[PDB]
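S.K.: Quick one, fold the following:
(2 chains)
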Amino acid sequence: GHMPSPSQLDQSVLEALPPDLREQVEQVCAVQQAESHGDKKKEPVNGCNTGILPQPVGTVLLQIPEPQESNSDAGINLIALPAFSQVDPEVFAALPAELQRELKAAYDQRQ
Amino acid sequence: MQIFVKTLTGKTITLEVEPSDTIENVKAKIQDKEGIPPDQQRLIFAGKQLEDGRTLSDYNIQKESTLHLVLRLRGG
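M.R.: Residues are numbered from 1 along each chain as shown, chains lettered A, B, ... in the order given. Shown next is the structure:
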């Protein structure tokens, strides 16, 4: 109970090579091959991975627009006051409308 | 005596006081525990904000009693 490999199902199968092969022959990988040497390697992943660095499109079939904001560190220009990330809902229900309105000011002042 | 000061973040910061403790000095003890300047804290009890010049006794706050602490909700 077996079957032979295909030889015609698509152009890569007709050519009996993926385009990835001829591209790897044209350029083996990124410049990182010059580094992470260690006399031997189990896999090339501790190196240039015999390729180029992946992106999310190679993992999920979608697209993403260019970024329009930055997050170089999460603890600069922060709220630095009790706001939406940490104000407790039972305490907020107990807490008078006077500060509920002033606290909506503090939420608007977020970054 | 001690009182409980529930912060906006749901954390009870218990502190030791007298009924005659002024709100300014209570805010100063909050600064000692939470690190918020007293000029930049707001304090509520039973659905009203307090003022600095008053005391726990002015509000009939006694021992083992609960307050709210909020930052002033002003940048400085």
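S.K.: When you work out contacts or count neighbours from here on, use the C-alpha atoms and nothing else.
M.R.: Fine.
S.K.: ok, residue A:16 - contacts?
M.R.: residue A:7 (C-alpha atoms under 8 Å, 6 or more residues apart in numbering or on different chains).
S.K.: Outline the domain layout of chain A.
M.R.: A:4-64, A:65-111 (curated CATH domains).
S.K.: near chain A, anything from whichever strand or helix holds residue B:68?
M.R.: Using DSSP states H and E, residue B:68 sits in strand B:66-71. Yes: using C-alpha under 8 Å from any C-alpha of the partner chain, strand B:66-71 reaches chain A at B:68, B:70-71.
S.K.: Let me know which of the domains of chain A is tucked in deepest.
M.R.: domain A:65-111 (a mean of 13; mean count of other C-alpha atoms under 10 Å in any protein chain shown).
S.K.: What separates the first and last residues of that one, distance-wise?
M.R.: End-to-end distance for domain A:65-111, by C-alpha to C-alpha, to the nearest Å: 22 Å.
S.K.: Quick one: name the residues of chain B near chain A.
M.R.: Counting by C-alpha under 8 Å from any C-alpha, chain B sits next to chain A at B:6-10, B:44, B:47-48, B:68, B:70-71, B:73.
S.K.: ok, of those residues, which come out buried?
M.R.: For those, a burial check counting by 16 or more other C-alpha atoms under 10 Å in any protein chain shown picks out B:6-10, B:44, B:68, B:70-71, B:73.
S.K.: Chain B: strands as residue ranges?
M.R.: With DSSP state E as the criterion, chain B has strands at B:2-7, B:12-16, B:41-45, B:48-49, B:66-71.
S.K.: Need the residues that contact the fourth one.
M.R.: This means strand B:48-49. Under C-alpha under 8 Å, 6+ apart, the answer for strand B:48-49 is A:96, B:42-43.
S.K.: and which of those residues is nearest residue A:48?
M.R.: residue B:42 (57.0 Å; C-alpha to C-alpha).
S.K.: what's the distance between the residue nearest to residue B:70 when sequence neighbours are not counted and residue A:89?
M.R.: With C-alpha to C-alpha, 6 or more residues apart in numbering or on different chains as the criterion, residue B:70 has its nearest non-adjacent residue at 5.0 Å, and that residue is residue B:42. Remark: distance between residue B:42 and residue A:89 (C-alpha to C-alpha) = 18 Å.
S.K.: again with residue B:56
M.R.: Distance from residue B:56 to residue A:89, by C-alpha to C-alpha: 26 Å.
S.K.: What of residue B:52?
M.R.: From residue B:52 to residue A:89 the distance is 26 Å (C-alpha to C-alpha).
S.K.: next one: residue B:68
M.R.: Distance from residue B:68 to residue A:89, by C-alpha to C-alpha: 13 Å.
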